[PDB]
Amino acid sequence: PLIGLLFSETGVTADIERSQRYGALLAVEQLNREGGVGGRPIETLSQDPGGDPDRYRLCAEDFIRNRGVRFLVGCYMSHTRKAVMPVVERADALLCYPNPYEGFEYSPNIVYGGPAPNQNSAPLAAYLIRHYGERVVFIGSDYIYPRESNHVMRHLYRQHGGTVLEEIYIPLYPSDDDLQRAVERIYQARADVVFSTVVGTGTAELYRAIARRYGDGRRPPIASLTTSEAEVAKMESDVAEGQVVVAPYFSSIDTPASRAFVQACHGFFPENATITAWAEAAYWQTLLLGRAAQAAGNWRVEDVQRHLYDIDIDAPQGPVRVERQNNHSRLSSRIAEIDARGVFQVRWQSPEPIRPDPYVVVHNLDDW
């Protein structure tokens, strides 16, 4: 019962992936310190892909073709997930992708653990418009997630009569010049909201930059689908506060399962690992992978797969399940606001988990 961890230690998204890695190691701990899985202990392998799509392929190639791994939890950025996809499909292995993403994808061998666009962007567009205004400017890192993410957010804004003013993209490893030239565009745009699809290290940099270009008084909020406790941990409180984010989970949610997860993360995560929605997603996904295997009583992927769609888990965010119709998960959807002291303060929460709909057709979407 060997699992392969594909989470960067270094690179643009190293902070969030490290939270993710730990969320997964915690799950392993608990499944192990519960007599493991059929009296044998589950053992994990880790390599650092450094956020590079080719190193993810290589690492997933290595794990599968040389250490005989058939179960993987990892990948953050979508181009990184796609590079590993063919590899898992070729070797019949299973990968759990505990992250938010643009949609319009299906792999029989990939379990989608974070929200598809109808699960985060759909609710979020409505909140932003019906609470802050209809003018918005899009700023994203320059890769496939941001671009496809904005594609549907554009559709979403048009549905609700809002207006996309500008669509700005910056390198994943951006220069201050790049940052300064985009912030200026975002300033002069005069929108009511800033929809950020900037990931990793440029997140904090971008938010600070925006703050600073606006000085004293009213500046639009920065809404994002990725910004977590990971990236907020790198910003000044004034810079961070007031910022919006949708995700299935927040370290501060009221409830016994969250606190259970929280007080356990605190007793296991290294100081440079924060507690985020993505660490929550890698935790539940890892549990489920073990639970299914106990139920099958084997570490065969077919035997474990079978049981994957029959196990509902009482995850820190609420009850989750994995639809077999498209391999995505029914997830909670919370829209939290950041404190003047940098805690996520939930403002809205869907009345029940949202079923996944990866092929996003706005008009056939439920109107929040």
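The first residue of the shown sequence is 1; numbering continues from there.
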Ranked by mean Cα B-factor in the entry, 98-106 and 83-91, top stretch is 83-91
Comparing 28-36 with 55-63, the higher average Cα temperature factor in the PDB entry belongs to 28-36
Name the one of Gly140, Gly74, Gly202, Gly297 with the greatest CA B-factor according to the PDB entry. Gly297
Top Cα B factor in the deposited entry, candidates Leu206, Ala240, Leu287, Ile222: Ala240
What third of its chain's C-alpha B-factors does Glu148 belong to: lowest, middle or highest? lowest
Entry-reported Cα temperature factor of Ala14, expressed as the chain third it lands in: lowest
Looking at the entry's B-factor column for C-alpha atoms only, identify whether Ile338 ranks in the lowest, middle or highest third of its chain. highest
By its CA B factor, does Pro117 count among the lowest, middle or highest third of the modelled residues in the chain? lowest
Relative to the other modelled residues in the chain, which third contains the C-alpha temperature factor of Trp348: lowest, middle or highest? highest
